Amino acid sequence: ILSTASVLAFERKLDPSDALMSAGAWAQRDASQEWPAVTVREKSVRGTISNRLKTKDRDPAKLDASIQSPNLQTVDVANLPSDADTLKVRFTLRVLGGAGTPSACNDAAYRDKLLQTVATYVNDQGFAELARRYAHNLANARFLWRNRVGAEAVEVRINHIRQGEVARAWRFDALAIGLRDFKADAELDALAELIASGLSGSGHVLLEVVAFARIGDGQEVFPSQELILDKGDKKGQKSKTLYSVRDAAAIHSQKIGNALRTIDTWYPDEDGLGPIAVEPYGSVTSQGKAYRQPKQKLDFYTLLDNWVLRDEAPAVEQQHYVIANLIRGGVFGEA
Amino acid sequence: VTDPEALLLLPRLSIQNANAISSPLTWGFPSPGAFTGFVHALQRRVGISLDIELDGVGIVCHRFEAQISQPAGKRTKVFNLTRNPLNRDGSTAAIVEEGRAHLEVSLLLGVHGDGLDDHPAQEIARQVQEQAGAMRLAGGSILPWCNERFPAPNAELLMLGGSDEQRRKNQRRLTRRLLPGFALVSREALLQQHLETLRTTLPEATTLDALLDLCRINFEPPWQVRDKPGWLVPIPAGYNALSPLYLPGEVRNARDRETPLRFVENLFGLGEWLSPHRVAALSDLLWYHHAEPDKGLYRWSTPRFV
RNA sequence: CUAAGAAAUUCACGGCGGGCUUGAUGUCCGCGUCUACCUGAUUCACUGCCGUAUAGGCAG
């Protein structure tokens, strides 16, 4: 009957490291191994109430009384030095093999059928499109996020590390490569071939990704913010806390992974957003809305179940979406 | 349970986000069960192909860093979390708190078999290194040291030296390699001795109270502090049986249907962090599995230490 | 076969108004630092000549 597995899990393929942030001057990007790190500092901010009022605080006397109480906060801030205009973001990326193999799965017939489905996908077209989109997300500085917004020029340098040295080196102009269009380029095709060979291999392929963004002299950079629950403590806390590994501002690994996963342009809604991160039930945290709802037949679980159990193979784009979810991983399976 | 013919020093491994939730009652460094399971996975993946056996692990913790913060006005600590993806209806999911930490460790793997004579030591050490370079140690990825000043090579040393002086020099140089760190050992005998001392101090005292007393900072009036022999962390010592051993197909929603499943619960023991110079041989730091499936007691420990 | 497997914290912010720290003061008596050594190991790979020569020889 080929019942679906009660416990299903997939290992996270294509896992990056923390994006270390460092600062320097442009046209010295080559000798950037000794660039000083960007440090997270402390500063005091005094604001004023600017949020919406609930029709009972709109009395002028209460508003003036609440303004007369100073609103003080302590925030973590990260800045470029007052003589450095370039932010260097460096992280390491492992492209693991055994991409379609589940990490944990109950039913052995479901094992054979799922591995047969992945084998059909890989010998039909393989990871050609998926690794193309991942290499595009590497080539443009999507992992900088807000650091990519107002940069004069962004250059991404990607090096293949085989044993301890650069086997093959890439250099891209991130602002020329779009954040929503996946064209074809020769160096991009070479990077896609390397990533696809890593996904189809039995070991791993190591890449280091170094992006230089010309933010501005002494401007304010944006490391990943840390999620800390207040938990109803009586003392006032610092409102903003930035992430750092060793006295050096950094971006979270899952933030970089979410940036790399932004390849899904096949969701049923219109591509006004463009690509979105590959997730089950197509959730977008910034938009607060989950595309690929299960009421439509385009969510990951129903597509996978139709593909592997009832042999209802979806469209090629939906097959790419399902295999991209397999790259992403996750804990699956009903009770 | 056995004497290794050689020691395999996995070099400084940068572990990114390790599970800082070691046990239901302890936090911080990951459980030794994670390291023993990682070594067993190394044996299951590459150890069989090399005709060797990888049993025993030495944990040194060259660097530790947990993603924690201390709220203002509180002396305790909280764990920094991650923003999970939204639900299918666009709302924030319920937060499940997990602790994630940064490690830098080097592992001493006990090697015994015929592949040591069948293959060169550098070759098997290397192949184990690039096998471990695509794995996980405590739920976190392993950073493989690309484009730094110089990577640390893997080094396998046979314990059967040509002489006692040569063996002693090799042990001291291997200790010098993993110097900025602290070896992790288990202190079950010390915990029992302290429990007997506590029982002579006052009766009906359980070993939980002895374990708590050996880790807390005690203040005594004339105001002094009761000194501790070492670092004396509380560590999970294994798993104890909580249910009769079920057949592989009895338990619904198991990991597989080929392995028996038994419900367990954590066993908490005593551990110590100490400098590697204070051990007679580096093979005394190796952590081994001790299952004994008849009575439960699915334990990991480091025997032959003292 | 690792309390296994999975994860975007994030948008915005004026901390400043002002101020006499001054009064007085003994550091101090005493003291054995000795003894004994190869800097030098080829430690000046130097000056000139024949030859276009960095190729290669020769002179004290």
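These numbers come from the heavy atoms of this one structure, side chains and all, not from hydrogens, waters or symmetry mates. Here is the naming used below: chain letters follow the sequence lines, and residue numbers restart at 1 for every chain.
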Look at the aromatic rings of [X] and [Y] and report parallel, tilted or perpendicular, splitting at 30° and 60°.
X: B:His40; Y: B:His289; value: perpendicular
X: B:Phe263; Y: B:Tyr246; value: perpendicular
X: B:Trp300; Y: B:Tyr239; value: perpendicular

Could you work out which one of [options] sits closest to the side chain of [X]?
X: A:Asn71; options: C:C13, C:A3, C:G14; result: C:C13
X: A:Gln225; options: C:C16, C:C13, C:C11; result: C:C11
X: A:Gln73; options: C:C13, C:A7, C:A6; result: C:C13
X: A:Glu11; options: C:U10, C:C13, C:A6; result: C:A6
X: B:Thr82; options: C:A7, C:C13, C:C1; result: C:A7
X: A:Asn258; options: C:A8, C:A6, C:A7; result: C:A8
X: B:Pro85; options: C:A8, C:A3, C:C13; result: C:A8
X: A:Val45; options: C:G15, C:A4, C:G5; result: C:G15
X: B:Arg83; options: C:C13, C:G5, C:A8; result: C:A8
X: B:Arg44; options: C:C16, C:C1, C:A8; result: C:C1

[N] and [M]: how far apart are their [atom1] atoms, nearest whole angstrom?
N: C:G60; M: C:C49; atom1: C1'; value: 12 Å
N: C:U54; M: C:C58; atom1: P; value: 15 Å
N: C:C37; M: C:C28; atom1: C1'; value: 42 Å
N: C:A6; M: C:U10; atom1: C1'; value: 22 Å
N: C:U27; M: C:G23; atom1: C1'; value: 22 Å
N: C:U22; M: C:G26; atom1: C1'; value: 24 Å
N: C:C44; M: C:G56; atom1: P; value: 28 Å

Length of the [atom1]-[atom2] vector between [X] and [N], whole Å:
X: B:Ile95; N: C:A8; atom1: CD1; atom2: P; result: 13 Å
X: A:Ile256; N: C:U9; atom1: CD1; atom2: P; result: 10 Å
X: A:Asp76; N: C:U9; atom1: CG; atom2: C1'; result: 14 Å
X: B:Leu81; N: C:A7; atom1: CG; atom2: P; result: 15 Å
X: B:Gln67; N: C:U9; atom1: CD; atom2: P; result: 10 Å
X: A:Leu227; N: C:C11; atom1: CG; atom2: P; result: 14 Å
X: A:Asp15; N: C:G5; atom1: CG; atom2: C1'; result: 13 Å
X: A:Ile251; N: C:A8; atom1: CD1; atom2: P; result: 14 Å

Answer with base, sugar-phosphate or nothing: what part of the nucleic acid does [X] contact at a heavy-atom distance below 4.0 Å?
X: A:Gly47; answer: base
X: B:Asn19; answer: sugar-phosphate
X: B:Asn266; answer: base
X: A:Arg12; answer: sugar-phosphate
X: B:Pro236; answer: nothing
X: B:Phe38; answer: base
X: B:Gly139; answer: sugar-phosphate
X: B:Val39; answer: nothing
X: A:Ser50; answer: nothing
X: A:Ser286; answer: base
X: A:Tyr243; answer: nothing
X: B:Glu98; answer: base

Any [X] side-chain N or O less than 4.0 Å from OP1/OP2 of [N]:
X: A:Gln254; N: C:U9; answer: yes
X: A:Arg146; N: C:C11; answer: yes
X: B:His40; N: C:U2; answer: no
X: A:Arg261; N: C:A8; answer: yes
X: B:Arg136; N: C:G5; answer: yes
X: A:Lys238; N: C:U9; answer: no

- [ ] Considering only NZ, NE, NH1 and NH2 on the basic side and carboxylate oxygens on the acidic side, decide whether A:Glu279 and A:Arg261 come within less than 4.0 Å.
- [x]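 Yes.
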Open item on the list: Quick check: any donor-acceptor pair below 3.5 Å linking the side-chain of B:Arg255 to the base of C:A4?
Closed with: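 Answer yes: a donor N or O sits under 3.5 Å from an acceptor.
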Open item on the list: Under 3.5 Å, is there any donor-acceptor pair linking the side chain of B:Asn84 to the base of C:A8?
Closed with: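 Such a pair does not exist between side chain and base.
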North or south sugar at [N], going by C1'-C2'-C3'-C4' (positive north, negative south)?
N: C:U9; answer: south
N: C:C37; answer: south
N: C:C16; answer: south
N: C:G56; answer: north

Open item on the list: Whether A:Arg292 engages the ring of A:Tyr321 as a cation-pi pair (distance to the six-membered ring centre under 6.0 angstrom, angle to the ring normal within 45°) should be assessed.
Closed with: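 Verdict for A:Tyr321: a cation-pi partner in A:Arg292.
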Task: For B:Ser186 against B:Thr302, the heavy-atom pair lying closest together - done: N-CG2, 3.3 Å
Planes under 30° and centres under 5.5 Å for [N] and [M]:
N: C:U52; M: C:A53; result: yes
N: C:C13; M: C:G14; result: no
N: C:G19; M: C:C20; result: no

Open item on the list: The test is side-chain hydrogen bond (donor to acceptor under 3.5 Å, both in side chains); show your working for A:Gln73 and A:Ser239 and say whether it passes.
Closed with: CA-CA 7 Å; A:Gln73 293 179 356; A:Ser239 53; 3.1 Å; yes
Task: Between A:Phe332 and A:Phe300, ring centroids under 6.0 Å - done: yes
TODO: Check whether the side chains of A:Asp18 and B:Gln16 place a donor and an acceptor atom closer than 3.5 Å, and report yes or no.
DONE: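 Judged by distance alone, the side chains do pair up.
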- [ ] Measure the spacing between CG of B:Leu109 and OG of B:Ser106 and express it to the nearest 0.5 Å.
- [x] 10.0 Å
